[PDB]
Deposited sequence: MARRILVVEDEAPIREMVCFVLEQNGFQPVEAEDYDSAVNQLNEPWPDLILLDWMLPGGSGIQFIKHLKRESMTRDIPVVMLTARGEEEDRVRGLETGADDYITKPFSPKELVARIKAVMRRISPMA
């Protein structure tokens, strides 16, 4: 079960990848906007966890890029936001607990 993790702060991205990994998913990492776009190919993300801001582009822009093609327009998008309208299907605040993330990712998968 493949989850694209778009997140520029490496320890957070690595934290998120470990939770998913230990929980039975196949996580894919992207450190910035460009790298995320180049992760939009076979094999395809079943859900995207999307950080709100990245080097080279925002989460709002990436969601627009997703909604522009039929292959990506349907992929679930959970926006990762920090504390302190958008097209995402759901949102989760940083820091979040590992059980919150999994439970959330599953409620969204459907």
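Where are the gaps relative to the deposited sequence?
Unmodelled stretches, in sequence order: 1-2, 87-95, 122-127.
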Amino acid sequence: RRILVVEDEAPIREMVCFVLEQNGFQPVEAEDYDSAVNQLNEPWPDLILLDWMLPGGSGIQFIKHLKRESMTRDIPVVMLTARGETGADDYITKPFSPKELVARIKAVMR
From here on, numbers count along this sequence of modelled residues.
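54-62 set against 36-44, stretch whose average Cα temperature factor tops the other in the entry:
According to the PDB entry, the answer is 36-44.
Between 91-99 and 9-17 (mean CA B-factor, as deposited), the higher
Per the PDB record, 91-99.
Ranking the modelled residues of this chain by C-alpha B-factor as given in the entry, is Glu31 in the lowest, middle or highest third?
Middle third.
Going by the entry, which third of its chain does the Cα temperature factor of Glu69 land in?
Lowest third of the chain for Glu69's C-alpha B-factor.
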